[PDB]
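J.:
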Amino acid sequence: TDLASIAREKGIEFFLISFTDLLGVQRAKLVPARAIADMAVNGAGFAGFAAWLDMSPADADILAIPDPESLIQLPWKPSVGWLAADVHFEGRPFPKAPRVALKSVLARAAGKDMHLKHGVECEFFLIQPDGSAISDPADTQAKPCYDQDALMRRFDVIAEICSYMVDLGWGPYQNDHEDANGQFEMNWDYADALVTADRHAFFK
Amino acid sequence: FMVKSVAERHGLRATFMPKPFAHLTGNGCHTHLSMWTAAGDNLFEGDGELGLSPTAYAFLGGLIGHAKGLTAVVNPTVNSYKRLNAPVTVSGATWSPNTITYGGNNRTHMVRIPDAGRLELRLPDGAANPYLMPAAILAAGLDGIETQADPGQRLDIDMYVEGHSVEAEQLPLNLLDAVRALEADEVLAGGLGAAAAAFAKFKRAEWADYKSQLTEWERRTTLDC
Ligand SMILES: Nc1ncnc2c1ncn2[C@@H]1O[C@H](COP(=O)(O)OP(=O)(O)NP(=O)(O)O)[C@@H](O)[C@H]1O
Ligand SMILES: C[S@](=N)(=O)CC[C@H](N)C(=O)O
Ligand SMILES: [Mg+2]
Ligand SMILES: [Mg+2]
Ligand SMILES: [Mg+2]
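Protein chains in written order, with the authors' numbering: chain A, 2 to 205; chain C, 206 to 430.
#1: Check each residue's C-beta against every heavy atom of ligand 4 and list, in chain order, those closer than 6 Å.
#2: If you drop the 5 nearest sequence neighbours on each side, which residues of the same chain put their C-beta closer than 6 Å to that of residue 437 (chain C)?
#3: Identify the continuous beta strand (DSSP E) that holds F47 (chain A) and give its terminal residues.
#4: Could you tell me the distance, in whole angstroms, from the CA atom of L393 (chain C) to the CA atom of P223 (chain C)?
#5: Going by Cα to Cα distance, which pick from C:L328, C:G245, C:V295 is closest to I269 (chain C)?
#6: To the nearest angstrom, report how far apart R323 (chain C) and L289 (chain C) are at their CA atoms.
#7: Starting from the C-beta of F15 (chain A), find all residues in its chain whose C-beta is less than 6 Å away, skip the five residues before and the five after it, and write them out in chain order.
#8: Any heavy atom of ligand 3 within a distance shorter than 7 Å of the CB on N188 (chain A)?
#9: Since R100 (chain A) and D87 (chain A) are thought to touch, with beta carbons under 8 Å apart, how far apart are those beta carbons, to the nearest angstrom?
#10: Give the DSSP-derived three-state secondary structure of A332 (chain C) in the structure shown.
#11: What runs of the beta strand (DSSP E), each 3 residues or longer, lie entirely inside the stretch 274-354 of chain C?
#12: Unbroken beta strand (DSSP E) runs of length 3 or more, entirely within the stretch 11-56 of chain A: which are they?
#13: What's the gap between the Cα of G12 (chain A) and the Cα of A143 (chain A)?
#14: How would you write the range of the alpha helix (DSSP H) that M153 (chain A) sits in, first residue to last?
#15: On a Cα-Cα basis, can you pick out the residue from A:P67, A:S133, A:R109 that is closest to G183 (chain A)?
#16: Drop a sphere of 10 angstroms on the beta-carbon of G49 (chain A), count the other beta-carbons inside from all chains shown, and report buried for 16 or more, exposed for fewer.
#17: My parser needs the alpha helix (DSSP H) runs of 4 or more residues fully inside the stretch 137-204 of chain A; what are they?
#18: Tell me the DSSP secondary structure of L380 (chain C) in three-state form.
#19: Shortest alpha-carbon distance to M240 (chain C) belongs to which of C:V283, C:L381, C:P281, C:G349?
#20: For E250 (chain C), does the three-state DSSP call read helix, strand or coil?
#21: If the criterion is Cβ atoms closer than 8 Å, does the pair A202 (chain A) and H119 (chain A) meet it?
#22: Contact between the stretch 377-395 of chain C and the stretch 280-298 of chain C: three or more CB pairs below 8 Å?
#23: Grab me the residues of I128 (chain A)'s own chain with a C-beta within less than 6 Å of its C-beta, minus the 5 sequence neighbours each way, in chain order.
#24: Could you check what DSSP says for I269 (chain C) in three-state terms: helix, strand or coil?
#25: Closest by CA to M56 (chain A), which one among A:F90, A:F156, A:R154, A:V167?
#26: Do you know offhand how far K408 (chain C)'s Cα is from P281 (chain C)'s?
#27: Do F20 (chain A) and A98 (chain A) have their beta-carbon atoms positioned less than 8 Å apart in this structure?
#28: Go to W83 (chain A), then tell me how far its beta strand (DSSP E) extends in each direction, as first and last residue.
#29: Exposed or buried, what is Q358 (chain C) when buried is set at 16 or more other beta-carbons lying within 10 Å of its beta-carbon?
#30: List the whole-angstrom C-beta distance separating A291 (chain C) from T304 (chain C), where the pair is believed to meet the contact cut-off of C-beta under 8 Å.
#31: State the Cα-Cα distance for the pair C123 (chain A) and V26 (chain A), rounded to the nearest angstrom.
#32: Assuming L275 (chain C) contacts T260 (chain C) (C-beta within less than 8 Å), just tell me the rounded distance between them.
#33: Can you determine whether any heavy atom of ligand 1 sits closer than 7 Å to the C-beta of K205 (chain A), and answer yes or no?
#34: Pull the bridge partners of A65 (chain A) from the DSSP assignment, please.
#35: Pull every residue with its beta-carbon under 6 Å away from any heavy atom of ligand 5, and keep them in chain order.
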């Protein structure tokens with residue numbers, strides 16, 4: 002796809018060229034639209050050892066080549082476009098990089114006409130910024146699961162994110178308060194494993 | 206009086222409160238009991254089970270038979286009923302009676318037989334009146350001896366673990382029920398004389414006062430109803 006043109010059409014001023022390292026940490030470069038055509042072809046350069054990839058400070062740059070199909074305009078900040086990328090090293094996909102590793106397993110399965118599809122249930126708590134306590138001091142009862150009150154007390158946060166998932170086309174279909182005080186869950190349609198994995202990473 | 210007084214002199218405080226802390230063992234006041242002739246013989250000393258005489262077992266029969274009413278006297282406070290039938294403590298046992306039963310050298314019953322020639326009534330707590338307690342126990346025991354009361358079968362089990370394994374009568378669960386049992390117990394009420402009715406009146410007044418006190422647990426668990 003032509004990322005530069007899309008940038009102009011949709012008014013995207015910067016792209017996050019992003020990859021996930023072995024420990025799950027999102028690593029990214031923020032690049033102005035003027036540079037995206039070059040980056041999309043050649044990739045964004047990083048010093049691999051500085052991320053969780055098990056490399057050496059002495060190693061050549063890894064190059065994170067973005068997947069144009071993964072593009073997401075941040076719904077809370079649409080001037081920014083997020084892209085998932087495959088880490089390349091020495092001209093080849095880098096096998097220590099999580100997304101590349103998944104793509105390899107998928108390719109084997111696909112060669113046997115078996116395509117994994119999955120959905121994820123990414124439960125999370127909403128807590129105080131300092132992490133001392135849950136965000137809602139009124140959420141105290143012993144069985145809080147699906148609590149209507151506590152759910153609606155965080156309606157604004159939950160509804161906002163859900164509506165983003167509606168617009169992104171993920172097919173969200175339910176949200177609730179989960180079984181621990183302070184805990185929530187927002188569900189969306191399963192998809193091809195790579196799509197879900199990308200969405201999983203963006204979702205968090 | 207001595208313990209409280211000396212504790213104070215050391216800048217400390219002593220309490221005989223039955224259950225001062227919800228999660229810890231409470232204050233008992235077990236009484237070891239024996240009956241003697243004027244000539245100096247222990248009537249409980251015998252050839253029956255565990256070195257006890259039929260007189261001892263008939264006395265025990267009185268204790269068992271009158272246990273419900275007896276509980277009012279020797280467990281005389283609202284708080285007493287948080288020591289009896291208490292949930293397990295941090296130390297692993299409450300060590301207090303739950304049921305109207307007896308064992309051998311076994312601390313999980315209302316009555317323990319600690320050694321030949323005596324009974325241990327483990328029922329009373331630190332609030333028990335030093336005079337009404339022996340008086341109430343004696344009245345019950347004498348009646349057991351006069352009627353040749355059968356204490357029933359000795360239970361050599363841990364009643365905290367295996368209370369379910371057997372059919373046993375529970376002790377009164379609160380002061381008001383224990384007091385009702387006192388009032389309905391002729392032997393006990395008559396043995397204590399006018400003290401029994403006077404005691405019952407006071408304890409009912411305390412209950413009416415207590416039952417209207419709002420507790421933190423209620424607020425915490427009911428505010429969001
Ligand atoms: N054929 C399928 N293959 C893979 N995933 C699917 C398939 N069908 C449905 N799903 C997904 O499975 C997920 C269901 O999660 P959820 O609605 O939370 O159900 P649950 O797991 O029974 N809830 P919970 O009590 O939290 O464990 C959704 O993401 C669905 O889209
Ligand atoms: C059995 S023990 N170790 O003597 C304890 C008795 C306990 N304090 C009680 O409430 O009787
Ligand atoms: Mg779920
Ligand atoms: Mg769940
Ligand atoms: Mg003792």
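Backbone N, C-alpha and C fix where the C-beta goes; we use that ideal spot for every residue, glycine too.
T.: In terms of the structure at hand:
#1: Here the list is A:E122, A:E124, A:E179, A:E186.
#2: Residue coverage of chain C in this structure runs from 206 to 430, which leaves residue 437 (chain C) outside it and unanswerable.
#3: That run of the beta strand (DSSP E) goes 45-47.
#4: 23 Å
#5: C:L328
#6: 23 Å
#7: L31, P33, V81
#8: yes
#9: 6 Å
#10: Of the three classes helix, strand and coil, the one that applies to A332 (chain C) here is coil, per DSSP.
#11: 324-326
#12: 15-21, 27-33, 45-47
#13: 48 Å
#14: For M153 (chain A), the enclosing alpha helix (DSSP H) begins and ends at 149-154.
#15: Checking every option, the nearest Cα to that of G183 (chain A) belongs to A:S133.
#16: buried
#17: 149-154, 156-169, 194-204
#18: helix
#19: C:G349
#20: strand
#21: For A202 (chain A) and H119 (chain A), no; Cβs fall outside 8 Å.
#22: yes
#23: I135, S136
#24: helix
#25: A:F90
#26: 8 Å
#27: yes
#28: 81-90
#29: If you draw a 10 Å sphere on the C-beta of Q358 (chain C), you find fewer than 16 other C-beta atoms in it, and that means exposed.
#30: About 13 Å; that fails the 8 Å criterion.
#31: Looking at the two C-alpha atoms, the distance is approximately 16 Å.
#32: Contact between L275 (chain C) and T260 (chain C) fails: their C-beta atoms lie close to 19 Å from each other, not under 8 Å.
#33: Short note on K205 (chain A): C-beta not closer than 7 Å to any heavy atom of ligand 1.
#34: The partner list for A65 (chain A) (beta bridge, DSSP) reads A:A45, A:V88.
#35: C:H235, C:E325
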